[PDB]
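Engineer: I would like the atomic coordinates for the input below:
(chains A, B, C and D, ligands or ions: 7)
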Amino acid sequence: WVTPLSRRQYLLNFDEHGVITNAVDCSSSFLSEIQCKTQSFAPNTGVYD
Amino acid sequence: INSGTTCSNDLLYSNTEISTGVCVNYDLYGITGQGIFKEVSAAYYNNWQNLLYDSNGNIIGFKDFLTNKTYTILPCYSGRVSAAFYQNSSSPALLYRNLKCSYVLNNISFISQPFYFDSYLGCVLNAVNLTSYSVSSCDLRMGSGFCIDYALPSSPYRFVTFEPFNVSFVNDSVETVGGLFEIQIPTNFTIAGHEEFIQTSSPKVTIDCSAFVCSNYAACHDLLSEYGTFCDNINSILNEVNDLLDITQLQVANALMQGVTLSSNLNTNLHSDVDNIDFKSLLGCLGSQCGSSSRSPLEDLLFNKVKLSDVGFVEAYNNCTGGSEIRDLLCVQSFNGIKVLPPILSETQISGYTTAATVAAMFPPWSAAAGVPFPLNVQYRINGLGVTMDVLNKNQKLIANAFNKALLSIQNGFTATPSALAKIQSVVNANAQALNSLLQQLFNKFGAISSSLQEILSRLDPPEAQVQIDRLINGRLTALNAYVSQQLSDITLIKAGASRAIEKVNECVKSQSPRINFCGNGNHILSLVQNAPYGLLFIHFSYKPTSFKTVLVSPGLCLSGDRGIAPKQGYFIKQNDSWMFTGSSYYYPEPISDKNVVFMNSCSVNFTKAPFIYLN
Amino acid sequence: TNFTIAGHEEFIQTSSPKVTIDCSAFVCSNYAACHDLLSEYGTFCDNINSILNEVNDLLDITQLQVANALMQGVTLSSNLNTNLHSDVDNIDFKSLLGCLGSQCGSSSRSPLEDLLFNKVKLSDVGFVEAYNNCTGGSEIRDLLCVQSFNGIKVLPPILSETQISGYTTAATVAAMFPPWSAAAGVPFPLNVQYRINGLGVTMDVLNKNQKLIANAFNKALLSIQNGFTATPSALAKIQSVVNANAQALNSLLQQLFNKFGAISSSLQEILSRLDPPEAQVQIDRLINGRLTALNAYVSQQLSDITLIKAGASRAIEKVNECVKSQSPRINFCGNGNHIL
Amino acid sequence: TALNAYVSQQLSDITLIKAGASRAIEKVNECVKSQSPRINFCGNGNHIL
Ligand SMILES: *[C@@H]1O[C@H](CO)[C@@H](O)[C@H](O)[C@H]1NC(C)=O
Ligand SMILES: *[C@@H]1O[C@H](CO)[C@@H](O)[C@H](O)[C@H]1NC(C)=O
Ligand SMILES: *[C@@H]1O[C@H](CO)[C@@H](O)[C@H](O)[C@H]1NC(C)=O
Ligand SMILES: *[C@@H]1O[C@H](CO)[C@@H](O)[C@H](O)[C@H]1NC(C)=O
Ligand SMILES: *[C@@H]1O[C@H](CO)[C@@H](O)[C@H](O)[C@H]1NC(C)=O
Ligand SMILES: *[C@@H]1O[C@H](CO)[C@@H](O)[C@H](O)[C@H]1NC(C)=O
Ligand SMILES: *[C@@H]1O[C@H](CO)[C@@H](O)[C@H](O)[C@H]1NC(C)=O
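Structural biologist: Numbers count the residues shown, from 1 in each chain, chains lettered A, B, ... in the order given. Ligands and ions are numbered 1, 2, ... in the order given. The protein structure is shown below:
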């Protein structure tokens, strides 16, 4: 399998051992936009603009 | 530039017709932009005129040379999207305010959404139209009385209405049924409690204007010395905010300690109950032997759930040098100039003042009750609401048990889900967020090559270093100005709240005011005061009926001889063919006398005539 | 020797339009070379939104407190239709009641409220209608849609005007029909007689003269109703607040046409005439000025919200002490001889 | 920048000035021209005139 690359923003999550476990692309969906705005993976309930 | 006839045909293109109704990029003889065209009929274009401008210098029209037609230029839509997301959900709901679903699905969206419908606010995506159902509280408020609710298993989101308040309904009449009205009078009652928190202070924040900017570098200090003082304006604002906080605390202490006198024979270890009412959970220590802590058990339970208190900051700052782990953010903030100072008065002194104010309304000479004993004052304040004195004199142990149960309930309610602690933790989190933002402000480039002065001083020349440090200095000074403006805006509201706090302390606790619907909710009886983190806690006792009955009452009667009688805080009932009097808050028939009836000298029109009342 | 009854009016501001501003949409409309520089001022964007959200939350809490004060301890019967019962003791209340019961619909305001709202266009419903008549037909050359195209937009409040009108109607009915939950259980004529007697008037004249009092109340209500044809003080303030809001919005919008010492106030000409190494400075020159303007605007808003909240608290106190009860505070509700 | 800071400080202080003036108006209307049935408002407990 081959896929192209580009310069884009990504969110990284490091555990207590320094291993990447989760990641989300901020330019994929609106939930990913909310996650990158809150810099987390389980944002609180609210109305995000 | 970009206007005229002399053009460069290096990048040549073919001429295209002018399209109307779509937002496209146009190159009209050098005029470049983006907008929508519209064919109109304009006759103001002369021979030497081909463009239409406004007062701001924007093209809003033109006339083509090849085809003498007129058009208007208007930009297309540009807005944002409002999304409501729950705690754990797959995808959040969408709402395009003031836009139809057709326009969204045809112009700004290219995803085939299965759920879509129009509303009063706009097109709603990923939701169900259930406006026929109403709720009392919802965390996703959209406006105009609509809010989105989440239901765990179509789509889990629902579009319902919002109605947080409603009135109580009865099955009585709204007319005069046979000359008498139909109203309900309570037959049984109890005592209920209610807590309330009012913020009276805020953490005193002090910022070192010479440490936040130019921490330890000498060239940075020499460059900052060229901007004048630029730090005295911040220091004066911080000092005046601290002075306002100190004046507020002193005024609160004076209001708590205004005109109070006790006896020199109390010990708080043997005299802690009156009329079988337990008050041990609302008293500290007053006597000879007592430790460094004088907080009541309620204050202890309140302070044990908050970490950032008057002593918490002191302990956190003590645990910065040496120790085991210095990973706390408070030490990092203190190492940059941001530090919190303790208030002028300790919490133990406020707790002692509150204990003295509470005792002043519990033992002779009853300073906080104008010289009236506690049970007598309670009976008077209950009678003032329309309750006969007989049922109060007969039911005293019941009132004591109700007070004890209310105290136990208000003490146990703070364990699982309190209400006063929410405001305290919200204030703490707001202060922490402000401090974290002010700290993270130092990690911005502000147009420079880096946000660290060490790299700039170890990589570039002194002139380049100055050029790169100037922008950082300006940005940090702007941030400090914004922060002190925010601090002023917050201290104004803190003063506004402390004013009402002092007013309620003076008019609801240490005295009984005739102001109805001010301390409680119309049936207020007694209010107490307790010490709380960054404020005070009030315990409001009220009169709460439990049972009711339907009776027929009369507004007023007229006796023989064109005389009239009018009741005060009561009504006239009829039993066994006899007119009597009853209270407005308790059903207890009693003979008609002169101490509860207003005498008149005129017979009204709609008053019931009864020449059988033998009253002088 | 002889007396009459006079009426007065007073307007107290309790809320304000909720203005939301986006840093990106205001600074860099649709340009990437501008976003690349705005990304450096990261912390300057997520502070204006936070301040505006705090202001909106404070306004919502204020509106909820006003609603709670208007709907605190109101017991009404279930046999009131608001159309069969509209007058008591020869005193009309048609111009002061809306619609209450299981027979109403969307329209629930009163004729007086309708007459007052028919002269004010820049209301929440007005903003909604304007944003609907924006782009997509009904040519949007107005300034509101132009402000909306740059990030400046006004959001509607949490509670609509219909719910507030219903709350006021319920509060008015609470002191008009039994049980009198807003008059301590005293009927309206007896309450008026007691309030007049409390000033030093004997009960004989009050008991003998009741139709005169009813006619005086009706005449006062009619004079208050047919008095908005001219320009009163209440309507003057209701227009002045929205005029000041519009002036502030236009002054904020006009800031986009300033050069701040650059070659031009438009990023298109800078990006189409100069190279990026020479255009970055020109873009930052405008970014700084626009950020300063937004900071000044949010500072002014945070300064005004305090006075707004103070006025709202004063209105809540007047509602709790002068409307739903009779407080023995002289020179507080009226000019000494206040009745109700 | 200095002028903006000064006018911001003035606009901030105006609110406290207006609050104090409103309190003064209330105290004048409820303690000088009339005897209010309130305690610990005009004076200190035993207030006469
Ligand atoms: C939106 O789409 C419709 C249909 O595709 C089209 O007729 C209309 O011109 C579009 N609007 C704009 C502003 O491009
Ligand atoms: C447009 O007007 C000019 C001025 O009279 C004229 O010379 C030209 O022929 C006109 N163009 C067309 C297409 O009629
Ligand atoms: C949503 O439901 C309400 C109540 O049934 C109805 O009046 C309204 O027309 C519905 N909306 C749409 C877009 O069908
Ligand atoms: C009134 O309520 C109390 C509380 O439960 C109860 O103990 C008492 O028996 C009741 N009295 C009557 C007459 O129902
Ligand atoms: C008076 O009240 C106290 C406190 O409730 C009680 O202990 C005492 O027994 C009462 N006196 C009499 C004679 O009942
Ligand atoms: C008081 O004035 C009214 C209005 O003119 C009049 O109807 C009434 O008779 C007057 N009362 C007396 C006692 O003159
Ligand atoms: C007295 O009753 C009549 C009907 O019999 C009614 O029209 C009038 O309004 C009533 N007046 C008062 C003061 O209740």
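
Engineer: you'd agree residue B:566 is in a strand?
Structural biologist: Yes - membership of residue B:566 in a strand is supported by DSSP: H, G, I helix; E, B strand; the rest coil.

Engineer: that one - nearest residue in space that isn't next to it in sequence?
Structural biologist: Distances taken as CB to CB, 6 or more residues apart in numbering or on different chains place residue B:598 nearest to residue B:566, at 4.2 Å, with adjacent residues excluded. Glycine gets a C-beta too; all of them are placed from N, C-alpha and C.

Engineer: helix, strand, or coil at that neighbour?
Structural biologist: Under the three-state scheme (three-state DSSP), residue B:598 adopts strand.

Engineer: quick one, what contacts it?
Structural biologist: The contact partners of residue B:598, taken as CB atoms under 8 Å, 6 or more residues apart in numbering or on different chains, are B:565, B:566, B:567, B:568, C:203.

Engineer: hmm, the first one is touching residue B:601, no?
Structural biologist: No - contact criterion CB atoms under 8 Å: residue B:565 and residue B:601 do not qualify, at 10.8 Å.

Engineer: thinking again about what came up before, turn the contacts of residue B:598 into JSON lines, columns for distance to ligand 3.
Structural biologist: As requested, the contacts of residue B:598 are exported to JSON lines (distance: CB to the nearest ligand atom, whole Å):
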{"residue": "B:565", "distance to ligand 3": "55"}
{"residue": "B:566", "distance to ligand 3": "51"}
{"residue": "B:567", "distance to ligand 3": "50"}
{"residue": "B:568", "distance to ligand 3": "51"}
{"residue": "C:203", "distance to ligand 3": "55"}
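
Engineer: now do residue B:30 against residue C:273, distance only.
Structural biologist: Noted for residue B:30: a distance of 12 Å to residue C:273, by CB to CB, to the nearest Å.

Engineer: find the nearest non-adjacent residue to the closest residue to ligand 7 within chain B, please.
Structural biologist: Residue nearest to ligand 7 within chain B: residue B:606 (3.8 Å; CB to the nearest ligand atom). Excluding the flanking residues, the one nearest residue B:606 by CB to CB, 6+ apart is residue B:555, at 7.8 Å.

Engineer: pretty sure the one you found contacts residue B:604?
Structural biologist: No - the criterion here is CB under 8 Å, and residue B:555 misses it with residue B:604 at 9.1 Å.

Engineer: for residue B:132, helix, strand, or coil?
Structural biologist: Per three-state DSSP, the local secondary structure of residue B:132 is strand.

Engineer: and for it, the neighbour number?
Structural biologist: Neighbour count for residue B:132, taken as other CB atoms under 10 Å in any protein chain shown: 7.

Engineer: distance of it relative to residue B:145?
Structural biologist: On the measure of CB to CB, residue B:132 and residue B:145 end up 13 Å apart.

Engineer: returning to that earlier point: shared neighbours, residue B:30 and residue C:273?
Structural biologist: Taking CB under 8 Å, 6+ apart as the contact rule, residue B:30 and residue C:273 both touch residue B:2.

Engineer: picking that back up, which of residue B:565 and residue B:601 has more residues huddled nearby?
Structural biologist: residue B:565 (21 against 12).

Engineer: how close does the more buried one sit to residue B:262?
Structural biologist: Residue B:565 is 48 Å from residue B:262, by CB to CB.

Engineer: if anything else comes up later, I'll come back, but that's it for now.
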